[PDB]
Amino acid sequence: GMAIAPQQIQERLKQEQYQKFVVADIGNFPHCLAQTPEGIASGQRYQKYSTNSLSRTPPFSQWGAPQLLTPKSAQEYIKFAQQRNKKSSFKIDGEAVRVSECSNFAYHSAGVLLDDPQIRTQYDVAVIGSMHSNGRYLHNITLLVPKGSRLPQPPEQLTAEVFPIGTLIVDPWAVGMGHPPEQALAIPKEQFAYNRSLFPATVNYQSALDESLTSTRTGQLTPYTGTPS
């Protein structure tokens, strides 16, 4: 039968409620913040988080101010999603606090996607540094590439002419920043909120090159919410 469709992948990512995260660097990127109810809410949520004493306790302290992190195995991405979805006593507006930012948020979605068995047989997963600025890549993004694809490896850059047909972009930070799923969660580049800063990019992880992938269990994650009927 048919493989898993973009719509079902997007629905799986919607279950994570990425718009509800505390986006710890929201104040650094006003130009990336959508004027939507979600964007307004995210701005206010960060205000409440930032000066709450619990934001300066682990792991919140570390989630809000990350050291360079470059996961190189599928299981690390799955664990990243699992750890960020743990609910602790720290709540804002009655909602358990989860925290991420422009660099590492994409790792959560890489874990969600790597944990799905029907994604495994239809797409390879990659994680790229994007939003290039003065030799730095400010923003990591997750990609779904059709099976068979090999993206350039550093120091070669990823550009449009080596971006495979059928690639889907996954950017949970964009959703934290108020953009809708249709601009961020498993969509083509023409639909992507930050499509003028997508290229050039650097490819930091390719599941197609990860020898540990096959022994990485699927179904490890519980979706953060269940889709409403």
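Note that residue numbering begins at 1 and tracks the sequence as displayed.
Annotation for 155 to 163 versus 103 to 111: the higher mean temperature factor (C-alpha) is found in 155 to 163. The question of which stretch, 180 to 188 or 29 to 37, has the higher mean Cα B factor is settled in favour of 29 to 37. When the C-alpha B factors of 81, 92, 143, 74 are read from the deposited coordinates, the top value falls at 92.
Ranking 130, 134, 85, 122 by Cα temperature factor from the entry places 134 first.
When the modelled residues of the chain are ordered by C-alpha B-factor, residue 199 sits in the middle third. Looking at the C-alpha B-factors along this chain, the one for residue 97 belongs to the middle third.
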